[PDB]
Every structure is written in C-alpha cells, then in structure tokens.
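Q: Have a look at this one.
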Amino acid sequence: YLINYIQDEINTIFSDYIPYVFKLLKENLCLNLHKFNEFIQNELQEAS
Amino acid sequence: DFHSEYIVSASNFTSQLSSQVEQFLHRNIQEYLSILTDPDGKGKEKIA
Amino acid sequence: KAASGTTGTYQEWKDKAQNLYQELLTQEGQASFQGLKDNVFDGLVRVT
C-alpha cells in the first residue's frame, strides 16, 4: 500500500507544492527588498 | 530618493520576472503528465 | 521486399507493446503483486 501511497504523494507534490514554494521565495524576496529600503532610509536619516 | 526609486523598480521587476518560473513549471507538469500517459498508434503511420 | 517485411513486423509487434503499456500502468498502480505475497506467505506457513 505505501508504495502506491508515496507514488501518489510525489505525483501530487510535483504539480502542487512546487509552484507554492516558488511563490514563497518571490514574496520573501520582495518583502526583504522593501525592508532593506526602510532600514537604509532610517540609517541615512541618522547619518544626515 | 535615488534609493527608493531603485527599490521600487527592483521589487517590481523581481515580482514580474519571478512569475515566469511558474509558467515553465506548468509546462514541465504537462510534460510529466504526458510521460505518465502511455503512447500508442502514431508510430505505425510514421513507419509507413 | 525488405521494407515491406520490416513494416509488417513492426505493425505486428505494436500491439504487444500497448499490452505491456497497460501492464506497466497496472504495476505502477501496484495491484498485481499482493497476490504473490499472499501465495509466498501461505507456502511459508505450510513449510513451517
């Protein structure tokens, strides 16, 4: 039973979870970039 | 000001370019389904 | 004559290829092996 179970699990994961992981990476990239902008703005204010 | 101008463009291009990977992954999923599917028939026409 | 014979043989053997494809699909479904396990377990019990 577990052989067929894992076969189905991998077939589902490839087509389902992988795009979600890519989306997670994209969202994290954008969020980190925006946080970088905020922190550099604060640091530049302090330096000025 | 320059930093904010760069950040906005960087985030926009990150989001836009990063989305292309999902389309390619969907094409790969289509190929995976095709391979999971058994071929048949067309070989006889080609050999004729 | 050689071309005709080759085409005939290929078309003849195309069918068993598709039968084997169906058997492979069944195997991937893991629905033809449990019976062998039951038979070997019964033989083991008898020998024991």
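So basically every Cβ, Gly included, is an ideal-geometry build from the backbone, and we count neighbours across all protein chains shown. Every read-out reported here was derived from the displayed coordinates using simple, explicitly stated rules and does not represent laboratory data.
Q: For residue B:28, are the conditions met, namely being in contact with a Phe, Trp or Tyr (Cβ under 9 Å, 6 or more places away or on another chain), more than 14 Å from chain C (Cβ to nearest Cβ) and either loosely packed, with under 12 Cβ neighbours inside 10 Å or closer than 22 Å to residue A:20 by Cα (or both)?
A: On the way: in contact with a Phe, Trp or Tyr (Cβ under 9 Å, 6 or more places away or on another chain): yes; more than 14 Å from chain C (Cβ to nearest Cβ): yes; either loosely packed, with under 12 Cβ neighbours inside 10 Å or closer than 22 Å to residue A:20 by Cα (or both): yes.
Taking the combined requirement at face value, the residue satisfies it.
Q: Residues to consider are A:14, A:36, A:22; find the one that is under 20 Å from the mean Cα position of the chain (by Cα), facing chain B (nearest Cβ under 9 Å) and farther than 24 Å from residue B:23 by Cα.
A: A:36
Q: Any residue in region C:15-33 that's away from chain B (no Cβ under 12 Å): show its pairings with residues that are in a helix (DSSP H, G or I) and aliphatic (A, V, I, L, M) at Cβ separation under 7 Å, as long as the two are six or more apart or on different chains.
A: C:30/A:3
Q: Right, another one. Taking residue C:3 and the conditions (1) within 25 Å of residue B:37 (Cα to Cα); (2) over 24 Å from the mean Cα position of the chain (by Cα); (3) not β-branched (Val, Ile, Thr), which numbered condition does it fall short on, given that it satisfies the others?
A: (1)
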